[PDB]
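A.B. asks: This is protein10.cif, which holds mmCIF, C-alpha atoms:
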data_query
loop_
_atom_site.group_PDB
_atom_site.id
_atom_site.type_symbol
_atom_site.label_atom_id
_atom_site.label_comp_id
_atom_site.auth_asym_id
_atom_site.auth_seq_id
_atom_site.Cartn_x
_atom_site.Cartn_y
_atom_site.Cartn_z
ATOM 1 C CA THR A 1 72.913 -70.185 -61.931
ATOM 2 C CA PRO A 2 76.704 -69.892 -62.345
ATOM 3 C CA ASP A 3 76.894 -66.946 -59.885
ATOM 4 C CA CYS A 4 79.425 -66.631 -56.976
ATOM 5 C CA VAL A 5 79.597 -63.927 -54.220
ATOM 6 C CA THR A 6 78.667 -60.297 -53.374
ATOM 7 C CA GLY A 7 80.482 -57.064 -54.357
ATOM 8 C CA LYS A 8 80.952 -54.534 -51.504
ATOM 9 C CA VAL A 9 84.171 -52.386 -51.741
ATOM 10 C CA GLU A 10 86.753 -52.691 -48.964
ATOM 11 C CA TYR A 11 89.886 -52.010 -51.156
ATOM 12 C CA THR A 12 89.951 -51.613 -55.010
ATOM 13 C CA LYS A 13 93.589 -51.717 -56.263
ATOM 14 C CA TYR A 14 93.330 -49.874 -59.631
ATOM 15 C CA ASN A 15 96.264 -49.921 -62.083
ATOM 16 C CA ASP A 16 95.027 -51.177 -65.506
ATOM 17 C CA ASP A 17 92.565 -48.311 -66.281
ATOM 18 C CA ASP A 18 89.201 -49.775 -65.167
ATOM 19 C CA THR A 19 89.902 -53.538 -64.584
ATOM 20 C CA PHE A 20 91.910 -53.193 -61.317
ATOM 21 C CA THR A 21 92.101 -55.778 -58.534
ATOM 22 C CA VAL A 22 89.025 -55.535 -56.322
ATOM 23 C CA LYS A 23 89.147 -56.736 -52.677
ATOM 24 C CA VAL A 24 85.409 -56.544 -52.005
ATOM 25 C CA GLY A 25 82.203 -58.621 -51.778
ATOM 26 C CA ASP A 26 83.716 -61.746 -50.270
ATOM 27 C CA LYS A 27 87.058 -61.989 -52.162
ATOM 28 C CA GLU A 28 89.893 -60.037 -53.854
ATOM 29 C CA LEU A 29 91.042 -60.445 -57.501
ATOM 30 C CA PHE A 30 91.551 -58.819 -60.958
ATOM 31 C CA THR A 31 88.377 -57.872 -62.862
ATOM 32 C CA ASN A 32 87.877 -57.007 -66.576
ATOM 33 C CA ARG A 33 84.746 -56.658 -68.791
ATOM 34 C CA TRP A 34 84.205 -53.049 -70.030
ATOM 35 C CA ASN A 35 83.570 -50.662 -67.041
ATOM 36 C CA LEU A 36 83.424 -52.259 -63.544
ATOM 37 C CA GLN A 37 84.495 -48.920 -61.923
ATOM 38 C CA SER A 38 80.912 -47.595 -62.279
ATOM 39 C CA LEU A 39 79.676 -50.735 -60.429
ATOM 40 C CA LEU A 40 82.260 -50.437 -57.602
ATOM 41 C CA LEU A 41 81.448 -46.696 -57.313
ATOM 42 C CA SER A 42 77.605 -46.783 -57.638
ATOM 43 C CA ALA A 43 77.711 -49.687 -55.130
ATOM 44 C CA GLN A 44 79.581 -47.908 -52.282
ATOM 45 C CA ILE A 45 77.895 -44.626 -53.284
ATOM 46 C CA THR A 46 74.360 -46.080 -52.984
ATOM 47 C CA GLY A 47 75.446 -48.801 -50.521
ATOM 48 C CA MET A 48 78.448 -51.154 -51.083
ATOM 49 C CA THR A 49 77.511 -54.844 -51.613
ATOM 50 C CA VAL A 50 76.581 -55.856 -55.189
ATOM 51 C CA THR A 51 76.868 -59.436 -56.489
ATOM 52 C CA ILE A 52 80.173 -60.646 -58.067
ATOM 53 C CA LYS A 53 79.998 -63.870 -60.150
ATOM 54 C CA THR A 54 80.834 -65.842 -63.359
ATOM 55 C CA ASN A 55 84.261 -66.267 -65.013
ATOM 56 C CA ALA A 56 85.764 -68.342 -62.124
ATOM 57 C CA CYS A 57 85.205 -65.501 -59.580
ATOM 58 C CA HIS A 58 88.652 -66.311 -58.047
ATOM 59 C CA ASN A 59 92.034 -64.801 -59.130
ATOM 60 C CA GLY A 60 90.920 -62.917 -62.289
ATOM 61 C CA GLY A 61 87.169 -63.683 -62.075
ATOM 62 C CA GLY A 62 83.730 -61.988 -62.353
ATOM 63 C CA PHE A 63 83.256 -61.142 -66.054
ATOM 64 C CA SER A 64 79.774 -59.821 -67.072
ATOM 65 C CA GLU A 65 77.388 -60.824 -64.242
ATOM 66 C CA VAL A 66 77.026 -58.479 -61.238
ATOM 67 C CA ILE A 67 73.961 -57.334 -59.227
ATOM 68 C CA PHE A 68 74.004 -53.704 -57.990
ATOM 69 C CA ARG A 69 73.366 -52.879 -54.286
#
Turn this file's structure into structure tokens for me.
C.D. replies:
Amino acid sequence: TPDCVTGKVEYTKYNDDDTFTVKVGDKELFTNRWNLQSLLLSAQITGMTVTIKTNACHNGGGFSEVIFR
């Protein structure tokens, strides 16, 4: 499938409101869809390594496809 990398949380530069620029999983970039904060939080809270993918996944990537963990 058109997936990409993982989604841990070692630095989430927030500024937009929820989008922010996440430096986690295996890369760092802007992220917008509808509420990725809950995914970055639930991830590190429960663990910290989801799955970031789709929408390029590089410099403004990862749109609506992420696996929690």
A.B. asks: Which residues, named as in the file, does the PyMOL selection byres ((chain A and resi 64) around 9) pick out? Answer as a list in words.
C.D. replies: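 In the shown coordinates, the PyMOL selection byres ((chain A and resi 64) around 9) covers residues 32, 33, 34, 53, 54, 55, 62, 63, 65 and 66 of chain A.
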A.B. asks: Quick one: distance from atom CA of residue 46 of chain A to atom CA of residue 9 of chain A in Å, one decimal?
C.D. replies: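 Atom CA of residue 9 of chain A lies at a distance of 11.7 Å from atom CA of residue 46 of chain A.
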A.B. asks: Find the residues near residue 39 of chain A: any atom within 10 Å, counting only C-alpha atoms, skip ones fewer than 5 places away on the same chain, and give them as a PyMOL selection string.
C.D. replies: chain A and resi 7-9+44-45+48-51+66-69
A.B. asks: Point out the residue among A:37, A:26, A:1, A:19 with the least atom-to-atom distance to residue 52 of chain A, counting only C-alpha atoms.
C.D. replies: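 Among the listed residues, the smallest separation from residue 52 of chain A belongs to A:26.
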A.B. asks: Near residue 59 of chain A, counting all atoms listed in the file, which residues have an atom at most 8 Å away, once you skip same-chain residues fewer than 5 positions from it, shown as a list in words?
C.D. replies: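 Close residues of residue 59 of chain A: residues 28, 29 and 30 of chain A.
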A.B. asks: For the residues selected in the previous step, produce a file with C-alpha atoms as a PDB file, keeping the file's coordinate frame.
C.D. replies:
ATOM      1  CA  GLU A  28      89.893 -60.037 -53.854  1.00  0.00           C
ATOM      2  CA  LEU A  29      91.042 -60.445 -57.501  1.00  0.00           C
ATOM      3  CA  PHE A  30      91.551 -58.819 -60.958  1.00  0.00           C
TER       4      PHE A  30
END
A.B. asks: Return the single residue from A:11, A:47, A:5, A:18 that is closest to residue 31 of chain A, with distances computed using all atoms listed in the file.
C.D. replies: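 Closest to residue 31 of chain A of all the choices is A:18.
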A.B. asks: So the first atom is atom CA of residue 24 of chain A and the second is atom CA of residue 38 of chain A; what is the distance between them in Å, to one decimal place?
C.D. replies: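 Going from atom CA of residue 24 of chain A over to atom CA of residue 38 of chain A, I get 14.3 Å.
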A.B. asks: Quick one: of A:27, A:22, A:17, A:40, who's nearest to residue 4 of chain A, counting all atoms listed in the file?
C.D. replies: A:27
A.B. asks: So how many Å separate atom CA of residue 3 of chain A and atom CA of residue 23 of chain A, to one decimal?
C.D. replies: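 According to the coordinates, atom CA of residue 3 of chain A and atom CA of residue 23 of chain A are separated by 17.5 Å.
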A.B. asks: Set up a box along x, y and z of the file covering all listed atoms of segment 19-26 of chain A, add 3 Å on every one of the six sides, and write the centre and edge lengths in Å to one decimal, as AutoDock Vina command-line options.
C.D. replies:
--center_x 87.2 --center_y -57.5 --center_z -57.4 --size_x 15.9 --size_y 14.6 --size_z 20.3
A.B. asks: From the coordinates supplied, segment 4-62 of chain A should be written with C-alpha atoms, as a PDB file, in the first residue's frame.
C.D. replies:
ATOM      1  CA  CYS A   4       5.574   5.276   4.548  1.00  0.00           C
ATOM      2  CA  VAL A   5       7.136   5.201   8.082  1.00  0.00           C
ATOM      3  CA  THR A   6       6.324   4.924  11.827  1.00  0.00           C
ATOM      4  CA  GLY A   7       5.093   7.654  14.223  1.00  0.00           C
ATOM      5  CA  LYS A   8       6.908   7.783  17.607  1.00  0.00           C
ATOM      6  CA  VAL A   9       7.209  11.321  19.164  1.00  0.00           C
ATOM      7  CA  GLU A  10      10.686  12.761  19.715  1.00  0.00           C
ATOM      8  CA  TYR A  11       9.745  16.490  19.174  1.00  0.00           C
ATOM      9  CA  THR A  12       6.303  17.847  18.025  1.00  0.00           C
ATOM     10  CA  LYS A  13       6.623  21.564  17.083  1.00  0.00           C
ATOM     11  CA  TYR A  14       3.003  22.807  17.479  1.00  0.00           C
ATOM     12  CA  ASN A  15       2.001  26.265  16.190  1.00  0.00           C
ATOM     13  CA  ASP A  16      -1.016  25.903  13.824  1.00  0.00           C
ATOM     14  CA  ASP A  17      -3.558  24.544  16.387  1.00  0.00           C
ATOM     15  CA  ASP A  18      -3.379  20.758  15.813  1.00  0.00           C
ATOM     16  CA  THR A  19      -1.372  20.346  12.528  1.00  0.00           C
ATOM     17  CA  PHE A  20       2.100  21.255  13.923  1.00  0.00           C
ATOM     18  CA  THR A  21       5.432  19.960  12.625  1.00  0.00           C
ATOM     19  CA  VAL A  22       6.108  16.492  14.014  1.00  0.00           C
ATOM     20  CA  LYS A  23       9.706  15.186  14.327  1.00  0.00           C
ATOM     21  CA  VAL A  24       8.815  11.578  15.133  1.00  0.00           C
ATOM     22  CA  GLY A  25       8.487   8.071  13.636  1.00  0.00           C
ATOM     23  CA  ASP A  26      11.390   8.267  11.216  1.00  0.00           C
ATOM     24  CA  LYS A  27      11.092  11.880   9.926  1.00  0.00           C
ATOM     25  CA  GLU A  28      10.054  15.474  10.772  1.00  0.00           C
ATOM     26  CA  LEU A  29       7.463  17.577   8.861  1.00  0.00           C
ATOM     27  CA  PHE A  30       4.127  19.504   8.949  1.00  0.00           C
ATOM     28  CA  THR A  31       0.970  17.396   9.384  1.00  0.00           C
ATOM     29  CA  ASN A  32      -2.719  18.298   8.774  1.00  0.00           C
ATOM     30  CA  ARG A  33      -5.931  16.187   8.536  1.00  0.00           C
ATOM     31  CA  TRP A  34      -8.395  16.915  11.409  1.00  0.00           C
ATOM     32  CA  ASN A  35      -6.832  15.951  14.824  1.00  0.00           C
ATOM     33  CA  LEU A  36      -3.334  14.352  14.743  1.00  0.00           C
ATOM     34  CA  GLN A  37      -2.625  15.608  18.326  1.00  0.00           C
ATOM     35  CA  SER A  38      -4.720  12.727  19.753  1.00  0.00           C
ATOM     36  CA  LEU A  39      -2.551  10.281  17.723  1.00  0.00           C
ATOM     37  CA  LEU A  40       0.773  11.847  18.846  1.00  0.00           C
ATOM     38  CA  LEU A  41      -0.514  11.877  22.463  1.00  0.00           C
ATOM     39  CA  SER A  42      -2.215   8.420  22.635  1.00  0.00           C
ATOM     40  CA  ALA A  43       0.952   7.058  20.946  1.00  0.00           C
ATOM     41  CA  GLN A  44       3.538   8.304  23.503  1.00  0.00           C
ATOM     42  CA  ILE A  45       0.954   7.827  26.281  1.00  0.00           C
ATOM     43  CA  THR A  46       0.361   4.139  25.415  1.00  0.00           C
ATOM     44  CA  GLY A  47       3.798   3.738  23.780  1.00  0.00           C
ATOM     45  CA  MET A  48       5.217   6.132  21.112  1.00  0.00           C
ATOM     46  CA  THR A  49       5.618   4.576  17.619  1.00  0.00           C
ATOM     47  CA  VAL A  50       2.505   4.602  15.388  1.00  0.00           C
ATOM     48  CA  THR A  51       2.666   4.440  11.575  1.00  0.00           C
ATOM     49  CA  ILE A  52       2.943   7.697   9.526  1.00  0.00           C
ATOM     50  CA  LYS A  53       2.134   7.437   5.779  1.00  0.00           C
ATOM     51  CA  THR A  54       0.319   8.751   2.638  1.00  0.00           C
ATOM     52  CA  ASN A  55       0.319  12.326   1.265  1.00  0.00           C
ATOM     53  CA  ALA A  56       4.069  12.325   0.346  1.00  0.00           C
ATOM     54  CA  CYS A  57       5.126  11.676   3.995  1.00  0.00           C
ATOM     55  CA  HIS A  58       8.020  14.183   3.514  1.00  0.00           C
ATOM     56  CA  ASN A  59       7.860  17.987   4.140  1.00  0.00           C
ATOM     57  CA  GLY A  60       4.084  18.386   4.740  1.00  0.00           C
ATOM     58  CA  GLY A  61       3.108  14.687   4.492  1.00  0.00           C
ATOM     59  CA  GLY A  62       1.014  12.000   6.273  1.00  0.00           C
TER      60      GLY A  62
END
